[PDB]
Amino acid sequence: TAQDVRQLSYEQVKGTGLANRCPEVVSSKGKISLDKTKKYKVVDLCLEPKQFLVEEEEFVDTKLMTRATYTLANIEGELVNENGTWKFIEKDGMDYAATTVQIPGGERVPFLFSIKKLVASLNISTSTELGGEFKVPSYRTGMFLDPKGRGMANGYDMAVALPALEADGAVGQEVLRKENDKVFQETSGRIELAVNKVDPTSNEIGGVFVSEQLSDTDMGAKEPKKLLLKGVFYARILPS
Amino acid sequence: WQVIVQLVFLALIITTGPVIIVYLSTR
Amino acid sequence: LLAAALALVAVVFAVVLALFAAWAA
Amino acid sequence: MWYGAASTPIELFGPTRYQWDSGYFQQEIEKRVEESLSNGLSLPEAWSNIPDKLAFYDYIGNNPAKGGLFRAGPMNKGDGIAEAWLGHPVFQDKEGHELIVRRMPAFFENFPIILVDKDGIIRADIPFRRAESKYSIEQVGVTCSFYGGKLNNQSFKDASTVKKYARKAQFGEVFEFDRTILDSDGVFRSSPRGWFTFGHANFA
Amino acid sequence: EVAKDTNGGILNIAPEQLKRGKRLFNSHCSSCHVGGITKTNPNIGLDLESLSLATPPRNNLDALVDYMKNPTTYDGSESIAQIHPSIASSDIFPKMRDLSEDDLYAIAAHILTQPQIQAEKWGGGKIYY
Amino acid sequence: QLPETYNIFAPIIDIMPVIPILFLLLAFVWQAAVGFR
Amino acid sequence: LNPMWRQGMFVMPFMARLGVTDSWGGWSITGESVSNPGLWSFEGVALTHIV
Amino acid sequence: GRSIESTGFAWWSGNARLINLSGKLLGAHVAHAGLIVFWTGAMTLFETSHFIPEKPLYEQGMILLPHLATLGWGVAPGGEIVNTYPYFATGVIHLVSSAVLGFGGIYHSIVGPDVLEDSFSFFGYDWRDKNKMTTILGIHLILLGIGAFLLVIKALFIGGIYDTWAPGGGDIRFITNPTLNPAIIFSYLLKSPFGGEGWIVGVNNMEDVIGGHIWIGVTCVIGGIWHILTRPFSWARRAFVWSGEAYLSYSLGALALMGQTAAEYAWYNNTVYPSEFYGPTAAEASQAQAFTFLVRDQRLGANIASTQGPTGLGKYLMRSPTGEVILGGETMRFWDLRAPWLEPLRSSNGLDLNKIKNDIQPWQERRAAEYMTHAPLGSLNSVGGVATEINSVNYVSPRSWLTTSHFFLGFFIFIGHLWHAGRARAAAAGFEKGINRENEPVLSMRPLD
Amino acid sequence: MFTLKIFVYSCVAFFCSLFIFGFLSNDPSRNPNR
Amino acid sequence: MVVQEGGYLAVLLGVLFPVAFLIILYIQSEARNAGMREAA
Amino acid sequence: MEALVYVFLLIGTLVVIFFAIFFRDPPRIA
Amino acid sequence: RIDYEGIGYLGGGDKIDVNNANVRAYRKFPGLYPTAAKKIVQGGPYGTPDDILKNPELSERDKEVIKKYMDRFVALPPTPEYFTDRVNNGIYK
Ligand code: CLA
Ligand code: CLA
Ligand code: CLA
Ligand code: CLA
Ligand SMILES: CC1=C(/C=C/C(C)=C/C=C/C(C)=C/C=C/C=C(C)/C=C/C=C(C)/C=C/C2=C(C)CCCC2(C)C)C(C)(C)CCC1
Ligand SMILES: CC1=C(/C=C/C(C)=C/C=C/C(C)=C/C=C/C=C(C)/C=C/C=C(C)/C=C/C2=C(C)CCCC2(C)C)C(C)(C)CCC1
Ligand SMILES: CC1=C(/C=C/C(C)=C\C=C/C(C)=C/C=C/C=C(C)/C=C/C=C(C)/C=C/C2=C(C)CCCC2(C)C)C(C)(C)CCC1
Ligand SMILES: [Ca+2]
């Protein structure tokens, strides 16, 4: 489908929804050679979720609120054989996407579908599998402000709408401390791709991915929820 | 010195209207 | 998009159009 | 009622907005303290002679022009019931300049925290934007020492506590507050003076 | 009353030149340098302090006119004539085709005289509007 | 600019587009001259 | 630190302004302690107004 | 009649005295046309007189010259105004013609006969004569068709038209293969006016423009012939009010609609309105800012495809609701923009990240800077920039002038449509002068409750 | 979602047709002076 | 949401005390009206 | 649950309007 | 956070926290902006300021200028709040 996408024009794709879909590989035979001496590089890495599960106190199905803006693409990485084991080290690309789902009851669960700083060991054929750990930055960053003008790197440092509360010694606005002390909370979801299609002529791989991950905390005001993404992936092998 | 030319031309046009009216008002 | 939409639209429109055509007659 | 008179005492109806405007009580307290210094007494000994009542008058929470039309109840429903005078906080930089926190005017529901010296020059503040700031207490290095009151002769050098007492300082003198008894909502209410003036002006 | 060169050259400027310089600045610079911040890159403005900390320091008339002739990065390590309007690139920046040396010196005169009369306002931004 | 020839006709052209407005105004003059308006 | 004007009293200061400063409870808003204000305490003023 | 006693209308409503006077009415129309052509000529000569060679058109307050430049007169590749003489030519022609039309106007208004039905029979008419009206309508329709074919001829054979999408930057081009396919053209016609669609304003190539004018030329000619050689059917005769005021109201509604459409063309389209001449659109300028700082920050060593903004969305690059890779920030609303300086970087799935990383050209950066610094924002006294901006740049984009003015016009013209349509109905039925005291309809009606 | 679209389209076409063909039914004759 | 409880009372009392007032007047008004229209 | 009170007041107003329209005393010509 | 000890090293002070400060801060020292600042940020973070010079893809010009202002640098522990905005921190004018 990569050739198909190549043949398509912008006006033919714009609005259809194809722009958020990962290419397919119509071949389940052959193998991609990997000399353990030469360095490689995985390029055009595109995951496309299909399933978003949010665990409740088992994982339950949700409803997507943010439409077709969730797929990661053009992500870039070094494929280096370290001490015999094959390692993929994610670098550049569109390796994150803020998406919001809705669990039963109506509660919105926003999260940052991230694959940043991924280190994935390889265990390339249709039996090859890619598994591994990754960093998920804070959903909001330092300059972001809450509805009362409070943030990490800027904003008010107190509940400015309550001057009579912030007026006595000791306590204080210490109550509202939990909401006045914005925290950048890096977490970790942890993925696990799994190939299934390999085209040796075009050196393209694709197949299933599973990913696990951890999610939005409102700058340290609420507890995060575990989210579950079930999808397809695509990539290409390019020599260094 | 261009301003004077502009204002003279302006004066002539502006006056051109009412003059035609006055002229025909006599007849 | 689908043929069903055009079918229904043209159907209702043709119905009311015929009603009007009878009136005009 | 609003401007004050011999028939509207501040002990019965509360202080006026103009007393906060002119720093009436503030100037008085400074005068008494300096007089005590002339008598040979030290600074904390001078401030310790200051009554809690006078210090209470110099607090913006008792300013009748800081309330709201639909903020119902007594003033204690706002900041709470006044427990102690903490004493007078004196701010100083690393050079020893006596810094004063810019007092909140009655017009402003909120006010940026700015610590200014004797010549009205900005020496410290609490920055909105953190990056490229050049007056933060973490950078300038400011200390707060209380004279008189409950926190008498206590010094604070850590940036956190200094910033704390700075916000609180923009509201005038600092006091203790019981906000459990009446479940105070943390917002300022007007005095009987204010309500009277409002009601009677509109009725007029 | 500005700096002519890096050697301490000082020459007074009459309001005729200030007028021509202001007009030409507003005609050729004064988007971005609408007001001598820099809308296309606020990191490098026309404020006195930023000018003095450049290499070479554009704190003087000759350096400014030199910049208008052949502009460089803030560290002077590279040319930016293909991105920034100049005499050297008046072929792709046609608005620069009608500027003489007197014009460049007038514009520079304006830029250097502004921080002396408006103080913090020049290169200050919306803060001081 | 204008061709060098018709250069001399610059100020007059500066007044040329303002003429239709005058016509509007002229209507009122005409009316006031008659007895109406 | 908790006088009448901090407590939302609206008719109290008017009773206080003209002499009625004592209560039958044995207290005063001046801080003193009375044992018998007589008829014209706050409560007395209230009850007489009711009658 | 030229009095209240003789006509019933006052000096204000003075112009209504011309409703049944064919001669003086014709004089009014001709004189008015004279005023239009007058303004065209005079203003064109004004713009030519005030024009400065080495400045963009949109910096000099030009609205007429951009039209001529769009048609392909005196333009060099890129949108450089080299020859300003054909503009002078058109201006002069229009002006002199204005002398002719003016003479005719004054003649038929004052000198000639009031009624053209007496001395003549071809130029005379009764408003209630349907056949004559459809004949005139047909003639003028044929004229309009001829005009459309004039544009077509000019673009196909005589030099061509300025194409901003031309392979090599904006340049005049002769349209070799116009679009005659009905699927495409009428695909424009039956398309939504909402975001990403744009109805007929979303036309982005001169092939479709000129082909569209071929279609509209054929349609206008065939329709003209149709109305000249036929009479209105029964249903139309029953459905319409047949009087001068009614026709006036119809044309008013039409012109209101057209006014709105033109305002939208000026505001969103950059094909028939090249940004080289008219300046950038709002969309184009916002996208230009995002592009500009994307480039600046990428040059400073930031991986823009991975740069997380305060919200969690892409700071420079994100996705549109349908998946396309777009510029981040507020300009996410403007992701439907198509500009010749950006489309080189466009791929199948939107913006090509590789081309963004590697193949961004200096001229593109110059375009982005220029356009984001010449956004269509400015005050009434032509102070350029946002409302809080200070007095330095004298600038208001031509797009703003055109769009606002034509909204004003279209609006009041719609008001006029309501007014005259209503009065047409009331005058036709016979109660436009008040309620008959002896025939009050309500009094002959059963009460509501 | 498609059935909803069909429904709404049906309604719109219906009322629009009634409007258009309704106003074509000799509306100027609908006056008290007829 | 932490609201002022008295509000409830205020509102209802407010709303219901004139409402009743109006209704009272109206109905007696009409009664009298009827009487007068009847004996005419 | 002030929402209950708001809904009540709105419904009250709308009801008042409804009865003001369809239960008005008819105007009678002199 | 409410409190940050290394605020002064973000541009408004005499010294620069190489691990957290924005590129704009390096405009304080002639020669560093934009190239040296770019390479510095792109090569961070560092355990010690001197580690800056251990960065490949640094020209000799870069290393010269950087030494000078080596006396001008500090390496505080990297906090992601500022680290994420080392190029664009939402500040313009
Ligand atoms: C196709 C355009 C067109 C045409 C041919 C007519 C024709 C007519 N209109 Mg009409 N009208 C139009 C558009 C048009 N209208 C529009 C767009 C509106 C909405 C604003 C109206 C609103 C309107 C009303 C309300 C009335 C008419 C009436 C009439 C009749 C007499 C008009 C008259 O004597 O003018 C007289 C002209 C004037 C008094 C001049 C007034 C100038 C205006 C108020 C200022 C406009 C500002 C201008 C743009 C520039 C400002 C000047 C500044 C430079 C100093 C006549 C049949 C009358 C009617 O029904 O009689 C049968 C009537 O009462 N019109
Ligand atoms: C389609 C109409 C249109 C448009 C879009 C423009 C656009 C432009 N003109 Mg232009 N012009 C026009 C018609 C138009 N003009 C006409 C008809 C004339 C003949 C008088 C001129 C004469 C002219 C000159 C001489 C000049 C321009 C200039 C300009 C530029 C700056 C405009 C400016 O400062 O506006 C100022 C805007 C206003 C004063 C606003 C007018 C107020 C409106 C009409 C509302 C008032 C009416 C009132 C509310 C109506 C009452 C309603 C009633 C019905 C109840 C700009 C490109 C200048 C330029 O830079 O050119 C190189 C310039 O020097 N124009
Ligand atoms: C076959 C008969 C005939 C013809 C050829 C015309 C032709 C014309 N009439 Mg007309 N008219 C007619 C019968 C006719 N009329 C009748 C019976 C009446 C009722 C009395 C009128 C009433 C009438 C009025 C009231 C007005 C006109 C106007 C016009 C002109 C439109 C100009 C324009 O912008 O159009 C669009 C223009 C184009 C699309 C450009 C190309 C048009 C053609 C190809 C050439 C145009 C050149 C030039 C304008 C005149 C030459 C035309 C001629 C050679 C066919 C045009 C010259 C208007 C005008 O301004 O007249 C001067 C106007 O206001 N007519
Ligand atoms: C110059 C403009 C013009 C004008 C004023 C007229 C005027 C007229 N034509 Mg006509 N016509 C024209 C051009 C014109 N025509 C052209 C160019 C053609 C084709 C070559 C025709 C073909 C034509 C035929 C075949 C017939 C008429 C008829 C009529 C008469 C009845 C009008 C009617 O009921 O419309 C009402 C029209 C409609 C309800 C049609 C709706 C239009 C559809 C839905 C397409 C529009 C959708 C579009 C995509 C969206 C537009 C956006 C907008 C809604 C905002 C009337 C005198 C009739 C008549 O009486 O016989 C002479 C008749 O039978 N005309
Ligand atoms: C009806 C009427 C009216 C109106 C009227 C009108 C509107 C008229 C118009 C008229 C017109 C509309 C006219 C026109 C004219 C034009 C002309 C007369 C032109 C001329 C031209 C020229 C002169 C040119 C010259 C030149 C050249 C050749 C080129 C170069 C430059 C120069 C400039 C040198 C009124 C309301 C008032 C009232 C009365 C009646
Ligand atoms: C050139 C061009 C083109 C084309 C265009 C065209 C082709 C158009 C057409 C158009 C058309 C084709 C239009 C039409 C329209 C229509 C209308 C607008 C209608 C209206 C109607 C009416 C108005 C009616 C009314 C009524 C009713 C409804 C009721 C009854 C009565 C009556 C009848 C009144 C294109 C796009 C390609 C491109 C661009 C350029
Ligand atoms: C083309 C040309 C020419 C021609 C020109 C013309 C055509 C002119 C016209 C002009 C005109 C056409 C003018 C007019 C004017 C008007 C007026 C001046 C009017 C009025 C004013 C006023 C001021 C008024 C006032 C009033 C009244 C009386 C009434 C109402 C009220 C009031 C008070 C508003 C010549 C030969 C130079 C040659 C060159 C070129
Ligand atoms: Ca497998």
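Residues 22-150, in that order, are what chain E shows, numbered as in Swiss-Prot.
Determined by X-ray crystallography, 2.8 Å, according to the entry header.
For all residues, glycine too, the Cβ spot is worked out from N, Cα and C.
What Swiss-Prot records for this protein:
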BINDING   E:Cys50, E:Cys53, E:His54, E:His105  heme c binding site
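Here the features listed in Swiss-Prot are placed on the structure.
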residue  : record              : Cβ contacts under 8 Å, 6 or more apart
E:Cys50  : heme c binding site : E:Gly57, E:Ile128, E:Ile132
E:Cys53  : heme c binding site : E:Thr59, E:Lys60, E:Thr61
E:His54  : heme c binding site : E:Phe46, E:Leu67, E:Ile132
E:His105 : heme c binding site : E:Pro92
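Taking the mean position of the Cβ atoms of E:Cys50, E:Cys53, E:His54, E:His105 as the heme c site, the remaining same-chain residues with a Cβ inside 8 Å of that point are E:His49, E:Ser51, E:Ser52, E:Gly57, E:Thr59, E:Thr61, E:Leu67, E:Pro106. By a Cβ separation below 8 angstroms, chain H lies close to these of the binding-site residues E:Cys50, E:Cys53, E:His54: E:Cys53.
E:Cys53 (heme c binding site) falls outside any helix or strand according to DSSP and counts as coil.
Secondary structure at E:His105 (heme c binding site), as computed by DSSP, is coil.
Taking every pair among E:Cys50, E:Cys53, E:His54, E:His105, the residues listed as contacting heme c, the largest Cα to Cα separation comes to 12 Å.
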